[PDB]
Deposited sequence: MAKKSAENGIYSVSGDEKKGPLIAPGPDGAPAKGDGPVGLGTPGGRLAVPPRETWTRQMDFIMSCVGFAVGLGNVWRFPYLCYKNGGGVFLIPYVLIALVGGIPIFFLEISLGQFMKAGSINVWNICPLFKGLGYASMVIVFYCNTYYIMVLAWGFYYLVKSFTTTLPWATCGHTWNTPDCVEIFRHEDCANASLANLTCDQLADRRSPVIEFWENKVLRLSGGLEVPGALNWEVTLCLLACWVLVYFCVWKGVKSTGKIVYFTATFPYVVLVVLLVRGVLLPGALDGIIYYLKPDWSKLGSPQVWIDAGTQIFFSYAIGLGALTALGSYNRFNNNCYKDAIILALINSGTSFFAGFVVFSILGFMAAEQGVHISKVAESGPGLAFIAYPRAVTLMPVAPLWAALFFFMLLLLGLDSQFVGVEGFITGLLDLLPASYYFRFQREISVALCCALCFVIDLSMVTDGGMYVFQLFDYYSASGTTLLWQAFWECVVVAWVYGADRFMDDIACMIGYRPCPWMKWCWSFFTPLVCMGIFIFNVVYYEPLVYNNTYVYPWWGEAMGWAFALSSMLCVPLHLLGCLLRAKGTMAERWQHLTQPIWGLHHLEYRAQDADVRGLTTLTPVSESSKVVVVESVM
């Protein structure tokens, strides 16, 4: 089938693989991040991936309705919207920044190739020699003083950055327009958009290999520092990175499953999609970390102190690589066009899911002449208004609050744990596996059943508990200690997402009559579709 290609340009391959995984690996240390990544991909990632797709095919519906199997826990679906909504709030910003770089690519030279553009600190040198710890590369200067214009901290937002604001306006109007038409990338264009990224990456990787000091970068990427394994930071980062790269809990995998036919091979679908996501993430890791090793061997700073540890690494490693290509501006335009394509396809599927969920929720009395178009326009405008607080000088910090705490962190752990609990335990993991076998013919290995029943909830609960017990305040670029109210806002996002389940459960219990026993029994009775 081509369902893999359909997801490859959808809720799967994108910035979460090319932009996020590299900087998460860098922030947690190179080698030590892979082991929890692999373990949770085997135990948490692939199993919930297959769970979402299988449940989507089974229920023949997406977003909220799929939880008709356990209507009492239908609030989980609600949470998905909030989570994906938060993605739509900040994901686009990466695109915006990427778009800005693309706008700056179409020049006879490159703005970040050198620093003589009157937006750089005096401590910037284009070439490095044998003062010490007092020099910054032009690429990081451009990233932190033209795209971001980074302020002192979250306490002082500063002056709104107009250039990135027009770039974000262009991204949002483009999303509005080409989501209004609903292109869905057609059927033959997808082919190109599924093979254009890798080509570029491959080229970059080749260049990345042929550099002095790239071997050090690759070794640091692969060989792990076992001391960091005890830290819960790497475990929470790996679990959330997998649950984000797969769009687990965002209510897009479920719709993608619903699009498939009933007599489908969803088990191999999930396995192949997961392998593609992990392979693209590993390839992007190679591309980023070879460049990081090159900059470590060039500047002289340690490999862990080369570039930004926050979300800026993808904008400090990838552009740098481009500057080493023969015809730099053409390759900058090509790579950032690739990045724009990935981010755009992901944003299209996410916004489509959110809008369809909202439209299904709203009653008939709320119908408008252009209800779909007006709803999409209002969502885009509201998200742009929220992002107005993230393009400001002290805007990058807000982005981190929207990245670490919102649609990631303990939010995705909570969502995945409750998904596994409601399906494997409340609904019956054995019965669900029997239903999947009826759908698909054969029987998957019992490893999936063990992952659903015990392994995945246990791993998620353990990561959450060991992070909370040894809680460390979120620090951006290992320099800025977030104040109490910054963590308060981050936890406000997190609890806004994670309250959807318990509040909805409580409201359903109040609405039901009699004692809690028969109320739970009646509200957990599945509501099957017509075809079942």
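No C-alpha positions are given for the deposited-sequence stretches 1-57, 188-201, 604-635.
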